[PDB]
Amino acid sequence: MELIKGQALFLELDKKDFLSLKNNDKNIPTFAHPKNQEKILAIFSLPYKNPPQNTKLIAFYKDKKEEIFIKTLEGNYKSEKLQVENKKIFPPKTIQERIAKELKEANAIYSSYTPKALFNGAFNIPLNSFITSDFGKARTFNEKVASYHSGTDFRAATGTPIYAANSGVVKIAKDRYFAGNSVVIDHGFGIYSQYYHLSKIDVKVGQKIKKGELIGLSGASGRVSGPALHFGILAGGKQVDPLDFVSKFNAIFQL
């Protein structure tokens, strides 16, 4: 199979006699195919930065092992040279500690696997706008990726209502350094939607929300380049192309 870096893939496996899906010694979780009773599904995601060239997954069955080969593709991402390699910046210690703290909290939430569907049918777009900056737009030095856009920016004047892309449980609902006023929703199966730079948060941690329910107001919080909604998807442990993901998910769970 082939997969563009920074994208997710839905692997289809036979259910009967299935034991384990493995990436070397890492376990990949599985969930029901919602239409085909004989199949299960796994989410496999490639990181945008420094992906392997090739992956081998092994589905272990009681009666057999099946190897899955995935070739990593570069895709057609927008990319710009910078002319300063200053990878080590010297923030104030207050900033350094807030970032490290918020990183630790995020890692703990994305670690808490929900082995159940919290969602309800297809993902909606969180507002009726258009993309102003694409997922995966890269900054390069040494023909190497130094940084990338890890979600997608929607056109939103300050105070635009933002609605939950799908049902789930709010796990983050506060002000963070890089994301500003942030909402993060667990949808189950390690799938998380992310709404950043909000001017107002209308949900609390641990709240069950419904698809199309108000989660806050768009803003420019934490945003140098002006007001927008930043929308992200974390799936299979990685930030992935969110409209590509929503499209692949919806093809499976719409009906």
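Sequential numbering from 1, following the sequence displayed. Whichever C-alpha set is largest while still superposing within 1.5 Å between the two forms counts as the rigid core.
Where the structures in 8 other deposited structures of this protein are fitted on the rigid core, 222-230 is the one of 32-40 and 222-230 whose C-alphas sit farther from the shown form on average. Fitting each structure in 8 other deposited structures of this protein onto the rigid core and averaging C-alpha distances over structures and residues, 104-112 emerges as the more displaced of 104-112 and 73-81. For the segment pair 228-236 and 19-27, the entry gives 19-27 the higher mean B-factor, averaged over Cα atoms. The deposited model assigns a higher average Cα B-factor to 216-224 than to the other stretch when 216-224 and 193-201 are compared. Each of 179, 162, 173, 84 has a CA temperature factor in the record; the biggest one is found at 84. Of the candidates 68, 46, 40, 43, the PDB record gives 68 the highest C-alpha temperature factor. Per the PDB record, residue ranking by Cα B-factor puts residue 122 in the lowest third of the chain. When the CA B factors of the chain's modelled residues are split into thirds, the value for residue 142 lands in the highest one. In the deposited entry, the Cα temperature factor of residue 206 sits in the middle third of values across the chain's modelled residues. In the PDB entry, residue 102 places in the middle third of its chain by CA B-factor. For residue 166, the recorded CA temperature factor ranks within the lowest third of the chain's modelled residues.
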